[PDB]
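Reading through the structure tokens given below for one structure.
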Amino acid sequence: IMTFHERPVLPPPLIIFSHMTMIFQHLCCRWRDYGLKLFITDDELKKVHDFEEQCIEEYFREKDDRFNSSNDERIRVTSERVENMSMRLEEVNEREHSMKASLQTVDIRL
Amino acid sequence: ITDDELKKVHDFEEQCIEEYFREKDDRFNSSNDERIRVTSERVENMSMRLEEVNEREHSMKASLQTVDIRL
Amino acid sequence: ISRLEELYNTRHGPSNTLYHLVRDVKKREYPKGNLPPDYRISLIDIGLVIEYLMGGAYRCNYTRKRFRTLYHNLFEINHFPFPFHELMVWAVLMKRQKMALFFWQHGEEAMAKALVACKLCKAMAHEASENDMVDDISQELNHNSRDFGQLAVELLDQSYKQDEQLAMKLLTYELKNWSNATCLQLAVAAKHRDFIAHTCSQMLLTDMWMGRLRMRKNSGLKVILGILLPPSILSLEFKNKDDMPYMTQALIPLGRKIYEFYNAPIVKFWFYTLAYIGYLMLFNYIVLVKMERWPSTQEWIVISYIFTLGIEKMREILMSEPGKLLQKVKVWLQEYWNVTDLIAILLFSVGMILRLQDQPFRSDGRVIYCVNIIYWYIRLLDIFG
Amino acid sequence: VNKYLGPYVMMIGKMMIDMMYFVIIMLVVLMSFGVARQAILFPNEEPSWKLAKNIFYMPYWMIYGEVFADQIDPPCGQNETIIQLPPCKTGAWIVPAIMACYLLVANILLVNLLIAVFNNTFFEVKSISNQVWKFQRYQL
Amino acid sequence: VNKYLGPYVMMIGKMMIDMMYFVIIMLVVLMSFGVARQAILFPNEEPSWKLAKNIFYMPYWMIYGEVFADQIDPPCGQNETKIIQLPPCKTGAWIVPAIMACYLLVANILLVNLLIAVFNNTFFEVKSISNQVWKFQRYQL
Ligand SMILES: CC(C)CCC[C@@H](C)[C@H]1CC[C@H]2[C@@H]3CC=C4C[C@@H](OC(=O)CCC(=O)O)CC[C@]4(C)[C@H]3CC[C@]12C
Ligand SMILES: CC(C)CCC[C@@H](C)[C@H]1CC[C@H]2[C@@H]3CC=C4C[C@@H](OC(=O)CCC(=O)O)CC[C@]4(C)[C@H]3CC[C@]12C
Ligand SMILES: CC(C)CCC[C@@H](C)[C@H]1CC[C@H]2[C@@H]3CC=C4C[C@@H](OC(=O)CCC(=O)O)CC[C@]4(C)[C@H]3CC[C@]12C
Ligand SMILES: CC(C)CCC[C@@H](C)[C@H]1CC[C@H]2[C@@H]3CC=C4C[C@@H](OC(=O)CCC(=O)O)CC[C@]4(C)[C@H]3CC[C@]12C
Ligand SMILES: CC(C)CCC[C@@H](C)[C@H]1CC[C@H]2[C@@H]3CC=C4C[C@@H](OC(=O)CCC(=O)O)CC[C@]4(C)[C@H]3CC[C@]12C
Ligand SMILES: CC(C)CCC[C@@H](C)[C@H]1CC[C@H]2[C@@H]3CC=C4C[C@@H](OC(=O)CCC(=O)O)CC[C@]4(C)[C@H]3CC[C@]12C
Ligand SMILES: CC(C)CCC[C@@H](C)[C@H]1CC[C@H]2[C@@H]3CC=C4C[C@@H](OC(=O)CCC(=O)O)CC[C@]4(C)[C@H]3CC[C@]12C
Ligand SMILES: CC(C)CCC[C@@H](C)[C@H]1CC[C@H]2[C@@H]3CC=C4C[C@@H](OC(=O)CCC(=O)O)CC[C@]4(C)[C@H]3CC[C@]12C
Ligand SMILES: CC(C)CCC[C@@H](C)[C@H]1CC[C@H]2[C@@H]3CC=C4C[C@@H](OC(=O)CCC(=O)O)CC[C@]4(C)[C@H]3CC[C@]12C
Ligand SMILES: CC(C)CCC[C@@H](C)[C@H]1CC[C@H]2[C@@H]3CC=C4C[C@@H](OC(=O)CCC(=O)O)CC[C@]4(C)[C@H]3CC[C@]12C
């Protein structure tokens, strides 16, 4: 696309006429850069700019949500928890055994 | 078709609609993603409730020790 | 400015190839040699490193006359207006990938910064393999180039999901902090094949292809009848004056329609193709029919086509990116179709010279014409491209 | 109407497009060889439509196992029991060389490439043709 | 009986059916070209069974690399050297090389390559089925 955008308008034979203008222009403008851009105005440059920040936040956030929806991570984060309840419920079991012994001795005193 | 067969065809159609919709719900509810998600949420609530149980049990054990001291 | 120079001149952190890059560009600028072990690396030296890595007609903000003036006049004017661009370029150069990804989140021009970091990391990967460094450095720099390329593709996906039109403005607007370049151009210079082949870039290229023309219905036929019949041009729906003005350097409605039609890239391609088919059909006629002592009218049109094509390929050599004439010749001969074009034009030259003599050199001139006509059907596959 | 012939017929209709792209590339290569052979072997010719026929005549039948072996490199430029074989046109040795290149490109490259594009698009075309035939049973 | 030749033989027996469908389509195209060529090039013919033979004779051998190059476009309607006068051209005799070109293209390029594709994409299922069928028929043997 960029080659054909840069080619003279006239075809090879008639390219002689085009090359004539080109050099006539060189021997005129001198005697007197590549690419198709868009040259945005500063207002639409800001609007383009904040569009890019909505996209960059939505990409990172999404990546995080698809990471946690990952079955693989719904299993990792279950295991950590399970262990913390396993030691805590064992502590509940030992403490409630002491509570029943204290309540039984209190009833015998009463 | 006749009106009575129209009635049977419509009833059969409602049966097929209910079958498809709630087998779709059963297929959704028995998948690995839904089962593992529900287990995850229920374990979140279980761990919060068990931490509350730990705090209240520690308080009740201290109160029972004080009551045994009072007797 | 002084804090960033202290960042570039640090000795802590992981190892890097930045000292080899600075050494090579001081050898190229002043052919000296090995730097002293106490050479404070200026930001002018960093800007020259960016020149050799980017390639082409790049011009970093460090090497411009505004920055060289301040640098001499000082060693919020010394503060950078867009600091995360400078932290991106810094974190890429001494191979700190985890910090470079953090600086891509914060700041702006993320699409520009990811394509610049992709072209940079590929360039020092090639430079480390060229200077026979550790191959693990070249593998990890290629991996950093692929990560930054994958970030630009996935950001392009997200823009295309949100707003199709604003994604094209993201891809084409002038990047004043990156030598007035374009996000579409930076992907091409980075040779990033997945970026251009994405659907958003493809409809952008189709809009560039049609020029100032709405059309987009039964492609090809409407511009062929436009070329053959000039009053068929005015009966087609043209595009508005400020719909998408891709411009190079920033009775009357009938003349504007004619100029906008004849400057479209699809119209210039179909005018080029119809000229090539007419040329090839003439060059069949002059080798099938016998030829006299002097060339016929059809042979003179063929000879004129070879001369105007040879002048056109000579102009493409001159109007190219580098400065040196040997560099211009070399970059033009990386394309294989340009190599075979020059060979076939030289064979037509020696064949026509032999044909313009008498016998038995006229028969030798025809044989070279017949070998040349084998080539011009094979080059008709470029039109099929 | 038959359950196996119908999908086969619309499958042939699907591979017609790949056949047409093969025909376009083969037309380019065939015309280049035919024009080169005719223009070398016949230097003094008047404008006649037989030249356009001779472009396409023999190079087309080269694809189907007929190389025209009597006219590949005819004996020329010497006496032979005694007649005088006609003098040799300049560059006539080029014709078997470009014949060899053309026969290689045609018979080995392009036919096998068409075999590859027929083979690797067979499954999608077969499934689509089966489903389209089962759809068009109603119209039949 | 052999472990490799037996499955090969029943595999050939499986590709009989794809060959038969190819033979049906090829019979239609061959028969059309033969009828057209015989009816154009021989206008004044009596009812005889040799016409049916001439329908099938040379179009069938055109599939196997014999195009009968002396009879594709025979020269006619002119004098060629003693001066010999060739018989005049039957009307529409130029159509015969054109439909010959279309016929040869369709048969050798389309249908044979299509049969290669049919043989190829049904190879794996036929191979597994034929191996298991051979292992089953070992008992009967
Ligand atoms: C737009 C593309 C697809 C085609 C454009 C090219 C054609 C319009 C040209 C190319 C070849 C040309 C032909 C090449 C040679 C001749 C022979 C020429 O006759 C002579 O040179 C001898 C008699 C005389 O002097 O008039 C008459 C024109 C003609 C048919 C030309 C007619 C116009 C043709 C077909
Ligand atoms: C841009 C190029 C590649 C294609 C242009 C296509 C046509 C505009 C050209 C191609 C062939 C040309 C024709 C080729 C040969 C002749 C014969 C020629 O006859 C004579 O010159 C006879 C008198 C003499 O001998 O001087 C008159 C011009 C004409 C019709 C040409 C007119 C212009 C044609 C049609
Ligand atoms: C006597 C000589 C000239 C041989 C005749 C050659 C052609 C005139 C024939 C041979 C095979 C035919 C083709 C065989 C199969 C089909 C598919 C069939 O199309 C459909 O079923 C429509 C759906 C689809 O195209 O997928 C009919 C057209 C077509 C292309 C046929 C068009 C006419 C063809 C090319
Ligand atoms: C690239 C492939 C797939 C297709 C290209 C080949 C065809 C376009 C060619 C090959 C054979 C050619 C035919 C060979 C011979 C003749 C006879 C010719 O008639 C005469 O010469 C009159 C009778 C005579 O002089 O003997 C008319 C053109 C025609 C049909 C040719 C038309 C063009 C054909 C079909
Ligand atoms: C890219 C591909 C498809 C181009 C293929 C081009 C050739 C197959 C054509 C283009 C121009 C044609 C020529 C244009 C004009 C003539 C003159 C014509 O002369 C006559 O008919 C005699 C004149 C008379 O006595 O009336 C004979 C065919 C010929 C040589 C044509 C032969 C076939 C040619 C070379
Ligand atoms: C592009 C694909 C899909 C189809 C192939 C199309 C062309 C390659 C064919 C179609 C019409 C053919 C033409 C039809 C008629 C003739 C006349 C014929 O004239 C003679 O044979 C004159 C008699 C003689 O002196 O032998 C020469 C071949 C030619 C130009 C044919 C050349 C090949 C053509 C252009
Ligand atoms: C000398 C001339 C007449 C050629 C002879 C050709 C046919 C008479 C022969 C050649 C190969 C034979 C075939 C080779 C292999 C088989 C598989 C075999 O069948 C089985 O093993 C049964 C299971 C199955 O069909 O898969 C025997 C029949 C068949 C179709 C044969 C049938 C007869 C065929 C077609
Ligand atoms: C579509 C394809 C796969 C099969 C279609 C082709 C066959 C049905 C044809 C092709 C060759 C034909 C044979 C060619 C020649 C002869 C000789 C002929 O005998 C004579 O002419 C007698 C002796 C003589 O007169 O010389 C009897 C028919 C026969 C066997 C033909 C029978 C039909 C055949 C086998
Ligand atoms: C859709 C497809 C399968 C149709 C194929 C049709 C042809 C192959 C058949 C149909 C009718 C047949 C014809 C029917 C009658 C006769 C008369 C017959 O004459 C004799 O046997 C001589 C009579 C005598 O002198 O006693 C010669 C064969 C012929 C031309 C047959 C030749 C073959 C034909 C054309
Ligand atoms: C449908 C597929 C799977 C199998 C192919 C079957 C037909 C295409 C074949 C089988 C029997 C064949 C016929 C067997 C005998 C003869 C007699 C034969 O007569 C002669 O040759 C007469 C002698 C002469 O004058 O040459 C002409 C061909 C014909 C009709 C054959 C034509 C082709 C036929 C119908």
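Following the order of the structure tokens, chains are lettered A, B, ..., residues in each are numbered from 1, and ligands are numbered from 1.
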Residues of chain B were defined as contacting chain A if any atom lay at most 9 Å from it, counting only C-alpha atoms; please report them as a short mmCIF file (atom, residue, chain, number, x, y, z; two decimals) with N, CA, C and O atoms, in the first residue's frame.
```cif
data_model
loop_
_atom_site.label_atom_id
_atom_site.label_comp_id
_atom_site.auth_asym_id
_atom_site.auth_seq_id
_atom_site.Cartn_x
_atom_site.Cartn_y
_atom_site.Cartn_z
N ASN B 32 -17.44 -29.16 36.58
CA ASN B 32 -16.32 -28.95 37.49
C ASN B 32 -16.16 -27.49 37.88
O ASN B 32 -15.81 -27.20 39.02
N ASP B 33 -16.40 -26.57 36.94
CA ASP B 33 -16.24 -25.15 37.22
C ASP B 33 -17.24 -24.69 38.27
O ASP B 33 -16.87 -24.02 39.25
N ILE B 36 -16.53 -26.48 41.76
CA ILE B 36 -15.35 -25.96 42.43
C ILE B 36 -15.59 -24.52 42.91
O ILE B 36 -15.16 -24.16 44.01
N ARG B 37 -16.33 -23.72 42.13
CA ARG B 37 -16.68 -22.36 42.54
C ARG B 37 -17.55 -22.35 43.79
O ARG B 37 -17.33 -21.56 44.72
N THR B 39 -17.88 -24.76 46.05
CA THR B 39 -17.05 -25.21 47.16
C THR B 39 -16.14 -24.09 47.67
O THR B 39 -15.98 -23.93 48.89
N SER B 40 -15.60 -23.28 46.76
CA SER B 40 -14.75 -22.16 47.17
C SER B 40 -15.51 -21.13 47.99
O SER B 40 -15.05 -20.74 49.07
N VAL B 43 -16.48 -22.48 51.38
CA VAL B 43 -15.31 -22.58 52.26
C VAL B 43 -14.90 -21.21 52.80
O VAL B 43 -14.47 -21.09 53.95
N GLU B 44 -15.07 -20.15 51.98
CA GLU B 44 -14.88 -18.78 52.48
C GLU B 44 -15.79 -18.48 53.66
O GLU B 44 -15.34 -18.00 54.72
N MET B 46 -17.30 -20.67 55.55
CA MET B 46 -16.99 -21.59 56.64
C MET B 46 -15.81 -21.10 57.47
O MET B 46 -15.83 -21.19 58.70
N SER B 47 -14.78 -20.58 56.80
CA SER B 47 -13.60 -20.10 57.51
C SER B 47 -13.90 -18.84 58.31
O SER B 47 -13.41 -18.69 59.44
N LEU B 50 -15.96 -20.04 61.33
CA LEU B 50 -15.14 -20.79 62.28
C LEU B 50 -14.18 -19.88 63.03
O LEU B 50 -13.87 -20.14 64.20
N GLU B 51 -13.70 -18.80 62.40
CA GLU B 51 -12.91 -17.82 63.14
C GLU B 51 -13.76 -17.13 64.21
O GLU B 51 -13.29 -16.91 65.34
N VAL B 53 -16.31 -18.54 65.65
CA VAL B 53 -16.50 -19.60 66.63
C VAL B 53 -15.29 -19.72 67.55
O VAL B 53 -15.43 -19.91 68.76
N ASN B 54 -14.08 -19.57 66.99
CA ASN B 54 -12.85 -19.57 67.78
C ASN B 54 -12.83 -18.44 68.80
O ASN B 54 -12.49 -18.66 69.98
N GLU B 57 -15.55 -19.10 71.48
CA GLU B 57 -15.17 -20.23 72.32
C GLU B 57 -14.07 -19.85 73.30
O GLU B 57 -14.08 -20.31 74.45
N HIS B 58 -13.11 -19.03 72.87
CA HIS B 58 -12.09 -18.53 73.79
C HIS B 58 -12.70 -17.67 74.89
O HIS B 58 -12.34 -17.81 76.07
N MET B 60 -15.85 -17.86 76.00
CA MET B 60 -16.66 -18.72 76.86
C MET B 60 -15.79 -19.58 77.77
O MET B 60 -16.16 -19.84 78.92
N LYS B 61 -14.62 -20.01 77.29
CA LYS B 61 -13.70 -20.77 78.13
C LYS B 61 -13.13 -19.91 79.25
O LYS B 61 -12.99 -20.37 80.38
N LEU B 64 -15.93 -19.52 81.77
CA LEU B 64 -16.10 -20.74 82.56
C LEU B 64 -14.98 -20.91 83.57
O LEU B 64 -15.23 -21.41 84.68
N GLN B 65 -13.76 -20.50 83.23
CA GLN B 65 -12.66 -20.52 84.20
C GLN B 65 -12.92 -19.55 85.34
O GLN B 65 -12.65 -19.86 86.51
N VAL B 67 -15.91 -18.60 86.34
CA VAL B 67 -17.02 -19.16 87.11
C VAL B 67 -16.55 -20.29 88.02
O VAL B 67 -17.05 -20.47 89.13
N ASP B 68 -15.58 -21.09 87.54
CA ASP B 68 -14.99 -22.13 88.39
C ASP B 68 -14.17 -21.52 89.52
O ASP B 68 -14.11 -22.08 90.62
N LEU B 71 -16.67 -20.37 92.27
CA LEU B 71 -17.21 -21.45 93.09
C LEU B 71 -16.18 -21.96 94.08
O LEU B 71 -16.18 -21.57 95.25
#
```
Hey, which bits of chain D sit within 9 Å of ligand 6, and for each residue what's the closest pair of atoms and how far apart in Å (one decimal), counting only C-alpha atoms and all ligand atoms, rows by chain and increasing number, as JSON lines?
```
{"residue": "D:20", "atom": "CA", "partner": "ligand 6", "partner_atom_place_in_ligand_line": "3 (C)", "distance": 6.4}
{"residue": "D:21", "atom": "CA", "partner": "ligand 6", "partner_atom_place_in_ligand_line": "3 (C)", "distance": 8.4}
{"residue": "D:23", "atom": "CA", "partner": "ligand 6", "partner_atom_place_in_ligand_line": "3 (C)", "distance": 6.3}
{"residue": "D:24", "atom": "CA", "partner": "ligand 6", "partner_atom_place_in_ligand_line": "1 (C)", "distance": 6.1}
{"residue": "D:27", "atom": "CA", "partner": "ligand 6", "partner_atom_place_in_ligand_line": "8 (C)", "distance": 6.8}
{"residue": "D:31", "atom": "CA", "partner": "ligand 6", "partner_atom_place_in_ligand_line": "8 (C)", "distance": 8.6}
{"residue": "D:48", "atom": "CA", "partner": "ligand 6", "partner_atom_place_in_ligand_line": "25 (O)", "distance": 6.7}
{"residue": "D:49", "atom": "CA", "partner": "ligand 6", "partner_atom_place_in_ligand_line": "22 (C)", "distance": 4.5}
{"residue": "D:50", "atom": "CA", "partner": "ligand 6", "partner_atom_place_in_ligand_line": "25 (O)", "distance": 3.7}
{"residue": "D:51", "atom": "CA", "partner": "ligand 6", "partner_atom_place_in_ligand_line": "27 (C)", "distance": 7.2}
{"residue": "D:52", "atom": "CA", "partner": "ligand 6", "partner_atom_place_in_ligand_line": "27 (C)", "distance": 4.6}
{"residue": "D:53", "atom": "CA", "partner": "ligand 6", "partner_atom_place_in_ligand_line": "27 (C)", "distance": 3.9}
{"residue": "D:54", "atom": "CA", "partner": "ligand 6", "partner_atom_place_in_ligand_line": "27 (C)", "distance": 7.7}
{"residue": "D:55", "atom": "CA", "partner": "ligand 6", "partner_atom_place_in_ligand_line": "28 (C)", "distance": 8.0}
{"residue": "D:56", "atom": "CA", "partner": "ligand 6", "partner_atom_place_in_ligand_line": "33 (C)", "distance": 6.8}
{"residue": "D:57", "atom": "CA", "partner": "ligand 6", "partner_atom_place_in_ligand_line": "28 (C)", "distance": 8.6}
```
Legend entry - Long-range neighbours of residue 45 of chain A as a VMD selection string, 12 Å cut-off, only C-alpha atoms, 3 positions minimum in chain: (chain A and resid 38 to 42 48 to 52) or (chain C and resid 108 to 109 166 169 to 170 172 to 176)
Inset, instruction - With a cut-off of 6 Å and counting only C-alpha atoms, select all residues of chain D in contact with chain E and give the selection as a VMD selection string. - result: chain D and resid 64 to 65 115 119
Inset, instruction - Could you please determine the separation between atom CA of residue 81 of chain E and atom 12 (C, counted along the ligand's line) of ligand 4 in Å, to one decimal place? - result: 25.9 Å
Inset, instruction - Could you list, as a count of residues only, the residues of chain C having an atom within 10 Å of chain D when counting only C-alpha atoms? - result: 32
Do you have, as JSON lines, the list of residues of chain E lying at most 10 Å from ligand 7, each with its nearest atom pair and that distance in Å to one decimal, counting only C-alpha atoms and all ligand atoms and ordered by chain then number?
```
{"residue": "E:6", "atom": "CA", "partner": "ligand 7", "partner_atom_place_in_ligand_line": "21 (O)", "distance": 7.6}
{"residue": "E:7", "atom": "CA", "partner": "ligand 7", "partner_atom_place_in_ligand_line": "21 (O)", "distance": 8.3}
{"residue": "E:8", "atom": "CA", "partner": "ligand 7", "partner_atom_place_in_ligand_line": "15 (C)", "distance": 8.5}
{"residue": "E:9", "atom": "CA", "partner": "ligand 7", "partner_atom_place_in_ligand_line": "17 (C)", "distance": 5.1}
{"residue": "E:10", "atom": "CA", "partner": "ligand 7", "partner_atom_place_in_ligand_line": "26 (O)", "distance": 3.7}
{"residue": "E:11", "atom": "CA", "partner": "ligand 7", "partner_atom_place_in_ligand_line": "26 (O)", "distance": 5.8}
{"residue": "E:12", "atom": "CA", "partner": "ligand 7", "partner_atom_place_in_ligand_line": "15 (C)", "distance": 5.1}
{"residue": "E:13", "atom": "CA", "partner": "ligand 7", "partner_atom_place_in_ligand_line": "17 (C)", "distance": 3.7}
{"residue": "E:14", "atom": "CA", "partner": "ligand 7", "partner_atom_place_in_ligand_line": "26 (O)", "distance": 4.7}
{"residue": "E:15", "atom": "CA", "partner": "ligand 7", "partner_atom_place_in_ligand_line": "26 (O)", "distance": 8.1}
{"residue": "E:16", "atom": "CA", "partner": "ligand 7", "partner_atom_place_in_ligand_line": "30 (C)", "distance": 6.2}
{"residue": "E:17", "atom": "CA", "partner": "ligand 7", "partner_atom_place_in_ligand_line": "30 (C)", "distance": 9.3}
{"residue": "E:126", "atom": "CA", "partner": "ligand 7", "partner_atom_place_in_ligand_line": "26 (O)", "distance": 9.0}
{"residue": "E:129", "atom": "CA", "partner": "ligand 7", "partner_atom_place_in_ligand_line": "26 (O)", "distance": 9.6}
{"residue": "E:130", "atom": "CA", "partner": "ligand 7", "partner_atom_place_in_ligand_line": "26 (O)", "distance": 7.3}
{"residue": "E:133", "atom": "CA", "partner": "ligand 7", "partner_atom_place_in_ligand_line": "23 (C)", "distance": 8.8}
{"residue": "E:134", "atom": "CA", "partner": "ligand 7", "partner_atom_place_in_ligand_line": "21 (O)", "distance": 9.1}
```
Could you write those residues out with N, CA, C and O atoms, as a compact mmCIF listing (two decimals), in the first residue's frame?
```
# COMPACT_ATOMS: atom_id res chain seq x y z
N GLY E 6 -2.19 -59.12 4.31
CA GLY E 6 -3.61 -59.34 4.53
C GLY E 6 -4.45 -58.09 4.76
O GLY E 6 -5.46 -57.87 4.08
N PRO E 7 -4.05 -57.25 5.74
CA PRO E 7 -4.69 -55.94 5.88
C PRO E 7 -4.59 -55.06 4.66
O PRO E 7 -5.53 -54.30 4.37
N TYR E 8 -3.49 -55.15 3.91
CA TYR E 8 -3.35 -54.43 2.64
C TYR E 8 -4.40 -54.88 1.63
O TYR E 8 -4.99 -54.05 0.93
N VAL E 9 -4.66 -56.19 1.57
CA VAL E 9 -5.63 -56.73 0.62
C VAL E 9 -7.05 -56.28 0.97
O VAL E 9 -7.80 -55.82 0.10
N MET E 10 -7.42 -56.38 2.26
CA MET E 10 -8.78 -55.92 2.59
C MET E 10 -8.89 -54.40 2.52
O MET E 10 -9.99 -53.89 2.30
N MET E 11 -7.78 -53.69 2.64
CA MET E 11 -7.79 -52.26 2.42
C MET E 11 -8.07 -51.92 0.96
O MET E 11 -8.84 -51.00 0.67
N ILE E 12 -7.46 -52.66 0.02
CA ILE E 12 -7.77 -52.52 -1.41
C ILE E 12 -9.25 -52.80 -1.67
O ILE E 12 -9.93 -52.08 -2.43
N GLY E 13 -9.78 -53.84 -1.02
CA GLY E 13 -11.20 -54.13 -1.09
C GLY E 13 -12.08 -53.01 -0.55
O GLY E 13 -13.20 -52.82 -1.01
N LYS E 14 -11.58 -52.27 0.44
CA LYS E 14 -12.32 -51.10 0.90
C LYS E 14 -12.29 -49.97 -0.11
O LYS E 14 -13.30 -49.29 -0.31
N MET E 15 -11.15 -49.73 -0.77
CA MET E 15 -11.12 -48.61 -1.71
C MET E 15 -11.79 -48.91 -3.05
O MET E 15 -11.88 -47.99 -3.89
N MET E 16 -12.24 -50.15 -3.27
CA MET E 16 -13.18 -50.44 -4.36
C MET E 16 -14.37 -49.49 -4.47
O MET E 16 -14.75 -49.10 -5.57
N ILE E 17 -14.97 -49.09 -3.34
CA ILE E 17 -16.21 -48.30 -3.40
C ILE E 17 -15.93 -46.87 -3.86
O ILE E 17 -16.65 -46.31 -4.71
N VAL E 126 -9.92 -47.02 7.59
CA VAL E 126 -9.89 -48.27 6.84
C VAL E 126 -8.72 -49.14 7.29
O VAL E 126 -8.86 -50.36 7.41
N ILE E 129 -9.61 -50.57 10.86
CA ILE E 129 -10.69 -51.54 10.71
C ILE E 129 -10.18 -52.81 10.04
O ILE E 129 -10.50 -53.92 10.47
N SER E 130 -9.34 -52.66 9.01
CA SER E 130 -8.83 -53.82 8.28
C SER E 130 -7.84 -54.63 9.12
O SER E 130 -7.82 -55.86 9.03
N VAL E 133 -10.05 -56.53 11.58
CA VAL E 133 -10.79 -57.57 10.87
C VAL E 133 -9.88 -58.73 10.49
O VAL E 133 -10.28 -59.90 10.57
N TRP E 134 -8.63 -58.44 10.12
CA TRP E 134 -7.67 -59.51 9.85
C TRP E 134 -7.34 -60.30 11.11
O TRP E 134 -7.27 -61.54 11.06
```
Legend entry - Among the residues E:51, E:41, E:35, E:1, the one that comes closest to ligand 10 [using only C-alpha atoms and all ligand atoms]: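 Of all the options, E:51 lies closest to ligand 10.
Nearest residue to residue 277 of chain C among C:309, C:215, C:197, C:383 is C:383, counting only C-alpha atoms.
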Inset, instruction - Between C:219, C:34, C:179, C:15, single out the one closest to chain A, counting only C-alpha atoms. - result: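 Distance minimum relative to chain A lands on C:179.
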Inset, instruction - Write down, as a count of residues only, each residue of chain A that has any atom within 10 Å of an atom of chain C, counting only C-alpha atoms. - result: 43
Name all residues at most 12 Å from residue 129 of chain C (count only C-alpha atoms; drop same-chain ones fewer than 5 positions away) and give them as a PDB file with C-alpha atoms, in the first residue's frame.
```pdb
ATOM      1  CA  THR C  17      25.104  -5.092  27.182  1.00  0.00           C
ATOM      2  CA  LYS C 122      14.991  -7.586  19.035  1.00  0.00           C
ATOM      3  CA  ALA C 123      17.788  -5.225  18.004  1.00  0.00           C
ATOM      4  CA  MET C 124      20.064  -5.883  20.981  1.00  0.00           C
ATOM      5  CA  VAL C 134      26.675 -15.091  25.738  1.00  0.00           C
ATOM      6  CA  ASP C 135      23.892 -16.865  23.847  1.00  0.00           C
ATOM      7  CA  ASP C 136      21.661 -16.876  26.943  1.00  0.00           C
ATOM      8  CA  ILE C 137      21.601 -13.074  26.687  1.00  0.00           C
ATOM      9  CA  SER C 138      20.402 -13.284  23.078  1.00  0.00           C
ATOM     10  CA  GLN C 139      17.698 -15.817  23.960  1.00  0.00           C
ATOM     11  CA  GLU C 140      16.349 -13.749  26.866  1.00  0.00           C
ATOM     12  CA  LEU C 141      16.366 -10.544  24.812  1.00  0.00           C
ATOM     13  CA  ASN C 142      14.373 -12.336  22.117  1.00  0.00           C
TER      14      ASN C 142
END
```
Inset, instruction - From a DSSP pass on the backbone, collect the residues of chain A flagged as helix (DSSP H, G or I) and hand them back as a ChimeraX atom specification. - result: /A:2-6,15-29,42-68,71-109
Inset, instruction - Kindly provide, as a PyMOL selection string, all nucleotide and amino acid residues lying within 9 Å of ligand 8, counting only C-alpha atoms and all ligand atoms. - result: chain E and resi 19-20+22-31+49-50+52-61
Legend entry - Between atom 27 (C, counted along the ligand's line) of ligand 3 and atom CA of residue 13 of chain D, distance in Å (one decimal):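 Distance between the two atoms: 5.9 Å.
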Inset, instruction - Please provide the set of residues having any atom within 12 Å of residue 113 of chain D, restricted to only C-alpha atoms, with same-chain residues fewer than 4 positions apart removed, written as a PyMOL selection string. - result: (chain D and resi 18-19+21-22+25-26+105-109+117-120) or (chain E and resi 109+113)
Inset, instruction - Counting only C-alpha atoms and all ligand atoms, name the residues that have an atom within 6 Å of an atom of ligand 3; the answer should be given as a PyMOL selection string. - result: (chain D and resi 9-10+12-14) or (chain E and resi 29+32-33+99+102-103+106)
